[PDB]
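Peer 1: This is the structure, below, for whatever I ask next.
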Amino acid sequence: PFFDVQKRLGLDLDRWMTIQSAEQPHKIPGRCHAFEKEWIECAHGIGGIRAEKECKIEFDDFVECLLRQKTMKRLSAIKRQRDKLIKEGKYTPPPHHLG
Amino acid sequence: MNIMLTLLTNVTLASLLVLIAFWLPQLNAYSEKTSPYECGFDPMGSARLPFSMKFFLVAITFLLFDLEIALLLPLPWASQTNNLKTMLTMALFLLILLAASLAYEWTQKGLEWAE
Amino acid sequence: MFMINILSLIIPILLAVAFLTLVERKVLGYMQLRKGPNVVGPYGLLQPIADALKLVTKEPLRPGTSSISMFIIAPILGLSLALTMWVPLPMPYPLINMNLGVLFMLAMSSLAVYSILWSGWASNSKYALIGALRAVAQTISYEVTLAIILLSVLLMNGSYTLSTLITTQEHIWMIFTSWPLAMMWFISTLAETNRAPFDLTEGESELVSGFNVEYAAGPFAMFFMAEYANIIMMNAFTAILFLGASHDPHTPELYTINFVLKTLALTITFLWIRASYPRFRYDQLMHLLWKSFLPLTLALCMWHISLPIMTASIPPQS
Amino acid sequence: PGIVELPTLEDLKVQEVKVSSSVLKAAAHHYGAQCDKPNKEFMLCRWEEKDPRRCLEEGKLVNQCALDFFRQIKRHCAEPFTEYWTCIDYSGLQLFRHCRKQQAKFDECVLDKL
Amino acid sequence: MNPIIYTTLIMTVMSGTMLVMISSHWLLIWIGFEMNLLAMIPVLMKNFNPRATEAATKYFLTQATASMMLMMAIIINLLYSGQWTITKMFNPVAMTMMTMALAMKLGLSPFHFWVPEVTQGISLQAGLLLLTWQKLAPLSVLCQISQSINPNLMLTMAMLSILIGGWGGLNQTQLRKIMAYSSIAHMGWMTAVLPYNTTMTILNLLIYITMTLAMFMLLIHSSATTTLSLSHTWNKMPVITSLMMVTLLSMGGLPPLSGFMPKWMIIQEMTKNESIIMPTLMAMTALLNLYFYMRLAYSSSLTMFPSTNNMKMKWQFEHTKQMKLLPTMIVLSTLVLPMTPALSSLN
Amino acid sequence: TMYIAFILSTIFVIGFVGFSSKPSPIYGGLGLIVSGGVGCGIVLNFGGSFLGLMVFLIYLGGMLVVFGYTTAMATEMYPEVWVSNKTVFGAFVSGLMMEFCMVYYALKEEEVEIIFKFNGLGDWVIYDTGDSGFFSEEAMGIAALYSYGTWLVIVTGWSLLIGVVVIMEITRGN
Amino acid sequence: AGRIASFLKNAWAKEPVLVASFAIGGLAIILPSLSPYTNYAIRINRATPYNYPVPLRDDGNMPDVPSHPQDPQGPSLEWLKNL
Amino acid sequence: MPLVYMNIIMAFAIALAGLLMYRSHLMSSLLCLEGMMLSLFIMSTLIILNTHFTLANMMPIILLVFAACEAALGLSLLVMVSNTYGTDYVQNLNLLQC
Amino acid sequence: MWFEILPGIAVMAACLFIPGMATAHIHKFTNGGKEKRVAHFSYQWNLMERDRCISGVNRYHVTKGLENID
Ligand SMILES: CCCCCCCCCCCCCCCCCC(=O)OC[C@H](COP(=O)([O-])OCC[N+](C)(C)C)OC(=O)CCCCCCCCCCCCCCCCC
Ligand SMILES: CCCCCCCCCCCCCCCCCC(=O)OC[C@H](COP(=O)(O)OCCN)OC(=O)CCCCCCCCCCCCCCCCC
């Protein structure tokens, strides 16, 4: 905040909704709870400038968890390469994959 | 999905009832038959009759009340918290603010259908 | 088989509407020292059929100044909403079992206000639009009390699931716990279906027939079917909400008989109001809603939030 | 980067507990009473390790404990248990409150015989 | 309006601004902007003439469009980071969206068109509020996210603001439009140094708010909204016009007055970053603002325009109300240059 | 049945093109409520039952409804129609074709880079695998408004009361 | 004395709806803070086991954690059974 | 990102373009504003449900109520303009050029 | 007199009874003679999905007891 009234008065006005690894109702976990926790525990108290380079791996893992972009690419490659071999009559998917 | 089938059936049967209703009768239409009904004479178009700020004000006040109602709908699950005193304080707070909006509209003319 | 379920829900409801026309005419007649339909069939039992047949063979005059797209969309929306309002109703077991059934009904009935906003606008005539605007304002204003009353009553239910109402009312009716909200809810339901002293949009002696002047024969018939389906549905909702019937899982026919009888009683009361009172003025019903019903409804919502907490009588959410 | 290491298919084989949800629910209270050791031990492993692959043998012991629990039900009053879980199976919410008479004679079995 | 209702609406405007400045959460910052706009719209329409209604409508349209763009930027940022904390933006296009939204709220040059019209269309009190208090929230957000702004976009908008404020104000005979174009130029000066030193932005904002408060209170004291109406003020209260002249000279950044401090500090801080061409351009361009300030000073205090016969009536009357803190605002806007090293208190 | 969220989203964008080409405001409102209905369906397919029903009850039956009501009062002598302008047709057609081109490109390429990178590998693919237990996570998160969201309730209620006061200030007309 | 009684008289005679609504709202405001049962409602909400009660490892010196669900340790719902 | 997000962001872009490219009626622009809000609501809801950010489930409610308050304010402004000029045409809102 | 209104009321009563009875009997027919299982929450859905898998006939309502394994 521009004027950190919350940290001076000890009040929690909006910090409780600020991250998904904060305390949740019924302890329901965030989908990327561990990834966010690891990135936050890496980046804590070293400033944003340092945290941008020195916590790049944790933030990359977090971003992959949030938007599974590289996971989607790998799944798309497996799918489209499977079809690339159905046409030629090369690959037969096994019984547990067809029913 | 069962609900989608149900909606499809309802809409389809309503439209089929339209089609029978709006195509089956035998028709014979002339100009004076389909003339707009005005109790035996012709209507005046005039210029944008649906006016008066009161019709718009009731719509706006309904909109704001409906927004507060949207804020009140999660209440049945809100009573299932261990922190019941905070939840009760906030629910009653929202309802006092609803009552205050009603009272302020009431006292400052507001809800009145004036001259 | 589920399609058969949908059909065996829809078709009997339309038949019940058709014979509700006859029942309403006979109740009004006998309250007025006359008989009503007793010539066309035995005790007028073929009269709804005569009306339906005459209407679909009558020339449906469409206005020359009518946007026909919405002119035909409005009856489709009205009838589709009127029919789909029954799919979550817990005659013992619902057709569609949702967590938020009553929320679904609130939303669907709030979408039904478009059928008047579109019919009045489409009919042009520059005057039926004013009646349509009055009807829309009345409808949206009473939606407020419907929503808040439903909210306050359901704080004993614990959820928006309609099947849970049967469990909530196992030992006692919800009327004995919320009768003031029951009276306000019943009058709000009266006002929402444009019935009784609240029939301002179709005042027979105020604006002839209001938003339904230009509609004739077939589309008029479907609008009528939508309104009467909404009447029976609202009375069924009232019976399930306030007069919960005992349920035997091995004999659901008993619950169905109970529910049907109570729904018919409430519908007969709806027709009973029609024969007993003069008509509210538009500003008079708006004053009633905004200055009489709304403050008490807010106070009772407050009371019904406080009550389960201060008595350790909060229901389960499952 | 790196290979996600996976258990083989035969590292994952177990004698299944092949009874339905109503059968499982009918015995659930006595199941919790009698099978707490391996169940709590496996749940401890699962929350401590945050890894399905690290707790497979504990889950395999969970399965065996459930299996022997059910074989103990079978040999003394399989019949009252069968009636109780049938009555539980009828209702669409599998409610306990509609089956107290059958739960009664299931419960006064396991006391006297087990 | 009811005095209680007007006080409540003013307090709600300030509380929306404070919500913007005290929140760590983007949703609450957006809430503060929403609350500020909601309470601000009626104070624009306080007099209620078609000019006031049009000013309020244009203000509402620009501010609501900016608010929706800001929410979209927040949602894109959350989509890529899952973060609600106001900090560096983790997405570049979200950052661009947010920068454009905040500039439109401020009224920077490519989004400046609303400022002159709205300022002209509202009263002098409404304009005083519009050109002083409404700059705080977007500038505070910008100072919070300054480490992730695109310097090229921000500097482009600031330079355009200076140029357009200089050129647009050259053509004005209306005092409210002159104030609006001066405000555009000063916003450009504020936002040019924002990528480099937010303390300089805060300093320039404080100095500008002091000068604008002094000038608007002098205008309200004079009841003048056109340059010719102000040209009658010498024949009624020449002290007001002389004070206005020294204030206008301060606005032009003439040493040794207080208005020279922000320009001098910003030029120094920019040259510290190998920025020499842009400060030279900015200082040279500000001569336009100084030109139409000097035109106003010529018409108001340094020369005496023809008066009217009906002015003798006004001589026998005093002001019913007195502008609060106006002497302090005048002294602060002109005489504070020897106190410059105190700027480090803003660190 | 395999793709449901994609038809819903394409129809959503089509309705957006329809009402944002700006025919007479009654048809724009019709397009907006069609878009709102299909979007409520979209979030219903994602497990957001309460949120979608909120869309319905408050947006389509509230805010819209009020919008169409107010259009029915402040309109043209002959309230306009879609066809009356070639500009409406041009805008709608350009929007529809830019929808079709980009959905075809994304479907057959799965690596479009219009501002953002996109991959139409599916929409079910991103769903996570787990049990939510005996409650709706959405309802628990929203019911936390009264326990966790005290500040949010305070500011929203104040803004709504201020909204009533503000509307009554502006519309008085003096 | 007579002033407030007369005001209540006039309100009851001319606006009974507002009198009833304000009394009901006031009781809804006031009564929960005096109820012995509000704490009971809090306790009932606390005793509802939505989540799994994931166990702990007894490192020794855990004499108050049960071991078994039917050990004389850990909270008891006997109070709820009779309420 | 999945293609639903693509279409939702596309809807926001179309609503933004429709609002920025004006026509005669003010109500059409207000409807474009409403479309922008609706697309924001759906995008927020999808992001919040997908990542199971449970406490952020309430954020779409707040967005909806605040944007509807702004819509009420804009409707009142339109009504005042129409009472001035008999229409909501934006070309009548040009007397501040001088 | 008034009891001649009863025929129309009886027709209405039959028409209103048909939906509930039909729903109950269809639910019994398509769910193995038992009530249609209710899954308001993901735990109940998972119960039914487990029930379908172990039935061997891809029907959740075919209940395997202690006769299946033990
Ligand atoms: C410990 C307990 C704590 C809680 C206590 C709770 C409160 C108990 C006392 C309150 C009693 C009143 C409750 C609300 C009643 C209505 C409020 C109201 O404004 O009334 C006066 C209002 C207005 O009356 P008015 O016009 O005379 O007064 C207006 C205001 N003054 C006095 C200033 C002029 O009247 C109506 O609402 C009339 C309704 C018209 C329709 C009539 C229908 C008749 C048939 C009804 C049949 C039964 C219905 C239910 C059926 C079953 C449903 C399941
Ligand atoms: C070097 C930088 C500053 C340069 C400017 C210094 C002050 C200039 C003042 C105006 C000069 C131009 C006008 C000259 C013509 C004569 C003055 C005029 O315009 O009006 C005269 C009039 C006299 O009023 P009078 O008749 O006395 O009223 C009696 C009661 N009825 O009214 C007056 O006399 C009003 C005079 C107002 C004076 C205002 C002073 C404001 C603060 C000045 C700060 C100076 C800073 C110097 C450098 C500091 C560096 C840190």
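The chains in the structure tokens are called A, B, ... from first to last as shown; in each chain the residues are counted from 1, and the ligands are counted from 1 in the order shown.
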Need the shell around segment 51-53 of chain G: protein/DNA/RNA residues with any atom at most 8 Å away, counting only C-alpha atoms. Skip same-chain ones fewer than 2 positions apart. Format as a count of residues only?
Peer 2: 4
Peer 1: Within 9 Å of ligand 1 (counting only C-alpha atoms and all ligand atoms), which residues show up? I'd like them as a CSV table (one decimal) with N, CA, C and O atoms, in the first residue's frame.
Peer 2:
```csv
chain,number,residue,atom,x,y,z
C,174,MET,N,-43.8,-25.4,8.0
C,174,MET,CA,-43.1,-24.2,8.1
C,174,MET,C,-44.0,-23.0,8.3
C,174,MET,O,-43.5,-21.9,8.7
C,175,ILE,N,-45.3,-23.1,8.1
C,175,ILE,CA,-46.3,-22.1,8.4
C,175,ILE,C,-46.3,-21.7,9.9
C,175,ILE,O,-46.4,-20.5,10.3
C,178,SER,N,-43.2,-19.5,10.4
C,178,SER,CA,-43.0,-18.3,9.7
C,178,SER,C,-44.3,-17.7,9.1
C,178,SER,O,-44.3,-17.3,7.9
C,179,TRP,N,-45.4,-17.8,9.8
C,179,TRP,CA,-46.7,-17.4,9.2
C,179,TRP,C,-46.7,-15.9,8.7
C,179,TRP,O,-47.3,-15.7,7.7
C,180,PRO,N,-46.1,-14.9,9.4
C,180,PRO,CA,-46.1,-13.6,8.8
C,180,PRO,C,-45.5,-13.5,7.4
C,180,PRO,O,-46.0,-12.9,6.5
C,181,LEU,N,-44.3,-14.1,7.3
C,181,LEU,CA,-43.6,-14.3,6.0
C,181,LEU,C,-44.5,-15.1,5.1
C,181,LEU,O,-44.4,-14.9,3.9
C,182,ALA,N,-45.3,-16.0,5.6
C,182,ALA,CA,-46.2,-16.8,4.7
C,182,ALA,C,-47.3,-15.9,4.1
C,182,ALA,O,-47.6,-16.0,2.9
C,183,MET,N,-47.9,-15.0,4.9
C,183,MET,CA,-48.9,-14.1,4.3
C,183,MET,C,-48.2,-13.1,3.3
C,183,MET,O,-48.8,-12.9,2.2
C,184,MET,N,-47.1,-12.5,3.7
C,184,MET,CA,-46.4,-11.6,2.7
C,184,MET,C,-46.0,-12.4,1.5
C,184,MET,O,-46.1,-11.8,0.4
C,185,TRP,N,-45.5,-13.6,1.6
C,185,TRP,CA,-45.1,-14.4,0.4
C,185,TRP,C,-46.3,-14.7,-0.4
C,185,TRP,O,-46.2,-14.6,-1.7
C,186,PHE,N,-47.5,-15.1,0.2
C,186,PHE,CA,-48.6,-15.4,-0.6
C,186,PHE,C,-49.2,-14.2,-1.4
C,186,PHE,O,-49.5,-14.3,-2.5
C,187,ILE,N,-49.2,-13.0,-0.7
C,187,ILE,CA,-49.6,-11.8,-1.4
C,187,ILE,C,-48.6,-11.4,-2.5
C,187,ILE,O,-49.0,-11.0,-3.6
C,190,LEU,N,-49.4,-13.7,-5.4
C,190,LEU,CA,-50.6,-13.1,-6.0
C,190,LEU,C,-50.2,-11.9,-6.9
C,190,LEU,O,-50.7,-11.8,-8.0
C,196,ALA,N,-55.8,-11.1,-9.1
C,196,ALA,CA,-56.5,-10.7,-7.9
C,196,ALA,C,-56.6,-9.1,-7.9
C,196,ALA,O,-56.6,-8.6,-9.0
C,197,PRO,N,-56.6,-8.4,-6.8
C,197,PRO,CA,-56.4,-6.9,-6.9
C,197,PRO,C,-55.1,-6.4,-7.5
C,197,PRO,O,-54.8,-5.2,-7.5
C,198,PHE,N,-54.2,-7.4,-7.9
C,198,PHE,CA,-53.0,-7.0,-8.5
C,198,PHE,C,-52.9,-7.2,-10.0
C,198,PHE,O,-51.9,-7.2,-10.7
C,235,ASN,N,-48.5,-21.8,-6.6
C,235,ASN,CA,-49.2,-22.4,-5.4
C,235,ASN,C,-48.5,-23.7,-5.0
C,235,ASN,O,-48.5,-24.1,-3.8
C,238,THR,N,-45.6,-22.7,-2.9
C,238,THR,CA,-46.1,-22.2,-1.6
C,238,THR,C,-46.4,-23.4,-0.7
C,238,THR,O,-46.1,-23.4,0.4
C,239,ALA,N,-47.1,-24.5,-1.3
C,239,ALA,CA,-47.4,-25.6,-0.5
C,239,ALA,C,-46.2,-26.4,-0.1
C,239,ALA,O,-46.1,-26.8,1.1
C,241,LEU,N,-43.2,-25.0,0.3
C,241,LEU,CA,-42.4,-24.1,1.2
C,241,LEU,C,-43.0,-24.0,2.6
C,241,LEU,O,-42.3,-24.1,3.6
C,242,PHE,N,-44.3,-23.9,2.7
C,242,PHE,CA,-45.0,-23.6,4.0
C,242,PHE,C,-45.8,-24.7,4.6
C,242,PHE,O,-46.0,-24.8,5.8
C,243,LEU,N,-46.3,-25.7,3.7
C,243,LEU,CA,-47.2,-26.7,4.2
C,243,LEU,C,-46.7,-28.1,3.8
C,243,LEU,O,-47.4,-28.9,3.2
C,266,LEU,N,-54.6,-24.2,-2.5
C,266,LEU,CA,-54.1,-22.8,-2.6
C,266,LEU,C,-54.5,-22.2,-3.9
C,266,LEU,O,-54.7,-21.0,-3.9
C,269,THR,N,-57.9,-20.9,-3.4
C,269,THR,CA,-57.8,-19.7,-2.7
C,269,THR,C,-57.4,-18.5,-3.6
C,269,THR,O,-58.0,-17.4,-3.5
C,270,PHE,N,-56.5,-18.8,-4.6
C,270,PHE,CA,-56.2,-17.7,-5.6
C,270,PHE,C,-57.4,-17.3,-6.3
C,270,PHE,O,-57.7,-16.1,-6.5
C,272,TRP,N,-60.3,-17.6,-5.1
C,272,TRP,CA,-61.2,-17.1,-4.1
C,272,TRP,C,-60.9,-15.6,-3.9
C,272,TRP,O,-61.9,-14.8,-3.6
C,273,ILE,N,-59.7,-15.2,-3.9
C,273,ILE,CA,-59.3,-13.8,-3.8
C,273,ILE,C,-59.9,-13.0,-5.0
C,273,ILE,O,-60.4,-11.9,-4.8
C,276,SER,N,-63.6,-11.7,-4.4
C,276,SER,CA,-63.9,-11.1,-3.1
C,276,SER,C,-63.5,-9.7,-2.9
C,276,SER,O,-64.1,-9.0,-2.0
C,277,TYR,N,-62.6,-9.1,-3.7
C,277,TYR,CA,-62.0,-7.8,-3.4
C,277,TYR,C,-62.0,-6.9,-4.6
C,277,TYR,O,-62.1,-7.4,-5.7
C,280,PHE,N,-56.6,-3.0,-6.5
C,280,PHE,CA,-55.7,-2.0,-6.1
C,280,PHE,C,-55.4,-1.0,-7.2
C,280,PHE,O,-55.3,-1.4,-8.4
C,284,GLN,N,-51.2,2.4,-5.4
C,284,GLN,CA,-51.6,1.8,-4.1
C,284,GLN,C,-50.8,0.5,-3.9
C,284,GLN,O,-50.3,0.3,-2.8
C,285,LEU,N,-50.7,-0.4,-4.9
C,285,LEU,CA,-50.0,-1.6,-4.7
C,285,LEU,C,-48.5,-1.3,-4.6
C,285,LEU,O,-47.8,-2.0,-3.9
C,287,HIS,N,-47.2,1.4,-3.2
C,287,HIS,CA,-47.1,1.8,-1.8
C,287,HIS,C,-47.1,0.6,-0.9
C,287,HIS,O,-46.3,0.5,0.0
C,288,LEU,N,-48.0,-0.3,-1.1
C,288,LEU,CA,-48.1,-1.5,-0.3
C,288,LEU,C,-46.8,-2.2,-0.2
C,288,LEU,O,-46.2,-2.4,0.8
C,289,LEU,N,-46.2,-2.5,-1.4
C,289,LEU,CA,-45.0,-3.2,-1.5
C,289,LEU,C,-43.8,-2.5,-0.8
C,289,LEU,O,-43.1,-3.0,0.0
C,291,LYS,N,-43.7,0.3,1.2
C,291,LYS,CA,-43.7,1.0,2.5
C,291,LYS,C,-44.4,0.1,3.5
C,291,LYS,O,-44.4,0.4,4.7
C,292,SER,N,-45.0,-1.0,3.1
C,292,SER,CA,-45.6,-1.9,4.1
C,292,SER,C,-44.9,-3.3,4.2
C,292,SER,O,-44.5,-3.7,5.2
C,293,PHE,N,-44.8,-3.9,3.0
C,293,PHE,CA,-44.2,-5.2,2.9
C,293,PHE,C,-42.7,-5.2,3.1
C,293,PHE,O,-42.1,-6.0,3.9
C,294,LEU,N,-42.0,-4.2,2.5
C,294,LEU,CA,-40.5,-4.2,2.5
C,294,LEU,C,-40.0,-4.0,3.9
C,294,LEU,O,-39.0,-4.7,4.3
C,295,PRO,N,-40.4,-3.0,4.7
C,295,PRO,CA,-39.9,-2.9,6.1
C,295,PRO,C,-40.1,-4.1,7.0
C,295,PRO,O,-39.1,-4.6,7.6
C,296,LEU,N,-41.3,-4.7,6.9
C,296,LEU,CA,-41.5,-5.9,7.7
C,296,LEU,C,-40.7,-7.1,7.2
C,296,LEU,O,-40.2,-7.9,8.0
C,297,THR,N,-40.5,-7.2,5.9
C,297,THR,CA,-39.7,-8.2,5.4
C,297,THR,C,-38.2,-8.1,5.8
C,297,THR,O,-37.5,-9.1,6.1
C,299,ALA,N,-37.2,-6.6,8.5
C,299,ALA,CA,-37.1,-6.9,10.0
C,299,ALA,C,-37.2,-8.4,10.2
C,299,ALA,O,-36.5,-8.9,11.1
C,300,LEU,N,-38.1,-9.1,9.5
C,300,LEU,CA,-38.2,-10.5,9.6
C,300,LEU,C,-37.0,-11.3,9.1
C,300,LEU,O,-36.7,-12.4,9.7
C,303,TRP,N,-34.7,-11.1,11.9
C,303,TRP,CA,-35.2,-11.9,13.0
C,303,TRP,C,-34.8,-13.4,12.7
C,303,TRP,O,-34.4,-14.1,13.6
C,304,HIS,N,-35.0,-13.8,11.4
C,304,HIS,CA,-34.7,-15.2,11.0
C,304,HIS,C,-33.2,-15.5,10.8
C,304,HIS,O,-32.9,-16.7,10.7
G,13,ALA,N,-51.3,3.6,16.5
G,13,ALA,CA,-52.6,3.9,16.0
G,13,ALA,C,-52.6,4.2,14.5
G,13,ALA,O,-53.6,4.0,13.8
G,14,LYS,N,-51.5,4.8,14.0
G,14,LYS,CA,-51.4,5.2,12.6
G,14,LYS,C,-50.4,4.4,11.7
G,14,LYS,O,-50.7,4.2,10.5
G,15,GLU,N,-49.3,3.9,12.3
G,15,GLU,CA,-48.3,3.1,11.5
G,15,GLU,C,-48.0,1.8,12.3
G,15,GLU,O,-46.8,1.7,12.7
G,16,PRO,N,-48.9,0.9,12.4
G,16,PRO,CA,-48.6,-0.4,13.1
G,16,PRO,C,-47.5,-1.2,12.4
G,16,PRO,O,-46.8,-1.9,13.1
G,17,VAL,N,-47.4,-1.1,11.1
G,17,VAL,CA,-46.4,-1.9,10.3
G,17,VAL,C,-45.0,-1.5,10.7
G,17,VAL,O,-44.2,-2.3,11.0
G,18,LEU,N,-44.8,-0.2,10.8
G,18,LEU,CA,-43.5,0.3,11.2
G,18,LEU,C,-43.1,0.0,12.6
G,18,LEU,O,-42.0,-0.3,13.0
G,20,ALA,N,-44.2,-2.7,14.4
G,20,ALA,CA,-43.9,-4.1,14.4
G,20,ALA,C,-42.5,-4.4,13.8
G,20,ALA,O,-41.7,-5.1,14.4
G,21,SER,N,-42.2,-3.7,12.6
G,21,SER,CA,-41.0,-3.9,12.0
G,21,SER,C,-39.8,-3.5,12.8
G,21,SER,O,-38.8,-4.2,13.0
G,23,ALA,N,-39.7,-3.1,16.2
G,23,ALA,CA,-39.6,-3.9,17.3
G,23,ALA,C,-39.0,-5.3,17.0
G,23,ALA,O,-38.1,-5.7,17.7
G,24,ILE,N,-39.3,-5.8,15.8
G,24,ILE,CA,-38.8,-7.1,15.4
G,24,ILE,C,-37.3,-7.0,15.1
G,24,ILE,O,-36.5,-7.8,15.5
G,27,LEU,N,-35.3,-6.5,18.4
G,27,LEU,CA,-35.2,-7.8,19.1
G,27,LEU,C,-34.1,-8.7,18.4
G,27,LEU,O,-33.3,-9.3,19.0
G,28,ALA,N,-34.2,-8.7,17.0
G,28,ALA,CA,-33.2,-9.5,16.3
G,28,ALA,C,-31.8,-8.9,16.5
G,28,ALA,O,-30.8,-9.7,16.5
```
Peer 1: Could you please determine the separation between atom CA of residue 22 of chain C and atom CA of residue 12 of chain I in Å, to one decimal place?
Peer 2: 9.8 Å
Peer 1: Using only C-alpha atoms and all ligand atoms, which residues have at least one atom no more than 12 Å from ligand 2? Output them as a ChimeraX atom specification.
Peer 2: /E:214,231,233-250,253-261,297-304,315-316,318,326-340
Peer 1: Should the cut-off be 8 Å, what would the residue list for chain H against chain E look like, counting only C-alpha atoms, as a compact mmCIF listing (two decimals) with N, CA and C atoms, in the first residue's frame?
Peer 2:
```
# COMPACT_ATOMS: atom_id res chain seq x y z
N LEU H 33 -20.50 -1.04 -22.28
CA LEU H 33 -19.88 -1.05 -20.96
C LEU H 33 -20.31 -2.28 -20.17
N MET H 36 -18.57 -5.33 -21.37
CA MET H 36 -17.21 -5.37 -20.85
C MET H 36 -17.20 -5.92 -19.43
N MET H 37 -18.15 -5.46 -18.60
CA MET H 37 -18.23 -5.98 -17.23
C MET H 37 -18.56 -7.47 -17.21
N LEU H 40 -15.57 -9.48 -18.05
CA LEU H 40 -14.68 -9.48 -16.89
C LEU H 40 -15.16 -10.46 -15.82
N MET H 43 -14.40 -14.04 -17.00
CA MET H 43 -12.97 -14.32 -16.95
C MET H 43 -12.51 -14.54 -15.51
N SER H 44 -12.93 -13.66 -14.60
CA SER H 44 -12.59 -13.79 -13.19
C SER H 44 -13.12 -15.10 -12.62
N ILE H 47 -11.05 -18.07 -13.93
CA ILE H 47 -9.73 -18.11 -13.30
C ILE H 47 -9.84 -18.56 -11.85
N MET H 59 -14.98 -12.45 -5.13
CA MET H 59 -14.60 -11.31 -5.96
C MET H 59 -15.56 -11.04 -7.12
N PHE H 66 -20.58 -3.67 -7.85
CA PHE H 66 -20.02 -2.34 -8.07
C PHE H 66 -20.27 -1.86 -9.50
N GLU H 70 -22.38 1.44 -10.88
CA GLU H 70 -21.95 2.38 -11.92
C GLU H 70 -22.95 2.44 -13.07
N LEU H 73 -25.75 4.67 -12.09
CA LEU H 73 -25.32 6.07 -12.21
C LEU H 73 -25.34 6.53 -13.67
N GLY H 74 -24.84 5.70 -14.58
CA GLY H 74 -24.85 6.05 -15.99
C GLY H 74 -26.25 6.15 -16.56
N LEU H 77 -27.60 9.47 -15.57
CA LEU H 77 -27.02 10.51 -16.41
C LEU H 77 -27.69 10.55 -17.79
N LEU H 78 -27.91 9.37 -18.38
CA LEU H 78 -28.60 9.30 -19.67
C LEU H 78 -30.00 9.89 -19.57
N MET H 80 -31.12 12.18 -17.50
CA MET H 80 -31.03 13.64 -17.43
C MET H 80 -30.76 14.25 -18.80
N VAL H 81 -29.83 13.65 -19.55
CA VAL H 81 -29.51 14.16 -20.88
C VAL H 81 -30.74 14.09 -21.79
N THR H 84 -33.16 16.70 -21.14
CA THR H 84 -32.71 17.96 -21.72
C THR H 84 -33.03 18.04 -23.21
N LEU H 93 -24.29 16.47 -26.87
CA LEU H 93 -23.38 16.71 -25.75
C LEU H 93 -22.11 17.36 -26.29
N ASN H 94 -22.29 18.46 -27.03
CA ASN H 94 -21.14 19.12 -27.65
C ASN H 94 -21.03 20.60 -27.32
N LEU H 95 -21.85 21.13 -26.43
CA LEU H 95 -21.83 22.56 -26.13
C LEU H 95 -20.70 22.95 -25.19
N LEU H 96 -19.80 22.04 -24.84
CA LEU H 96 -18.61 22.38 -24.08
C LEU H 96 -17.40 22.64 -24.96
N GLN H 97 -17.54 22.50 -26.28
CA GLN H 97 -16.49 22.97 -27.18
C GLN H 97 -16.29 24.47 -27.06
```
Peer 1: How close does chain D get to chain C? List, as JSON lines, each residue of chain D within 12 Å, its nearest atom pair and the distance in Å to one decimal, counting only C-alpha atoms.
Peer 2:
```
{"residue": "D:87", "atom": "CA", "partner": "C:250", "partner_atom": "CA", "distance": 11.2}
{"residue": "D:90", "atom": "CA", "partner": "C:249", "partner_atom": "CA", "distance": 8.9}
{"residue": "D:91", "atom": "CA", "partner": "C:249", "partner_atom": "CA", "distance": 7.3}
{"residue": "D:92", "atom": "CA", "partner": "C:249", "partner_atom": "CA", "distance": 9.3}
{"residue": "D:93", "atom": "CA", "partner": "C:318", "partner_atom": "CA", "distance": 10.5}
{"residue": "D:94", "atom": "CA", "partner": "C:249", "partner_atom": "CA", "distance": 11.8}
{"residue": "D:95", "atom": "CA", "partner": "C:249", "partner_atom": "CA", "distance": 11.4}
{"residue": "D:97", "atom": "CA", "partner": "C:167", "partner_atom": "CA", "distance": 11.7}
{"residue": "D:98", "atom": "CA", "partner": "C:249", "partner_atom": "CA", "distance": 9.3}
```
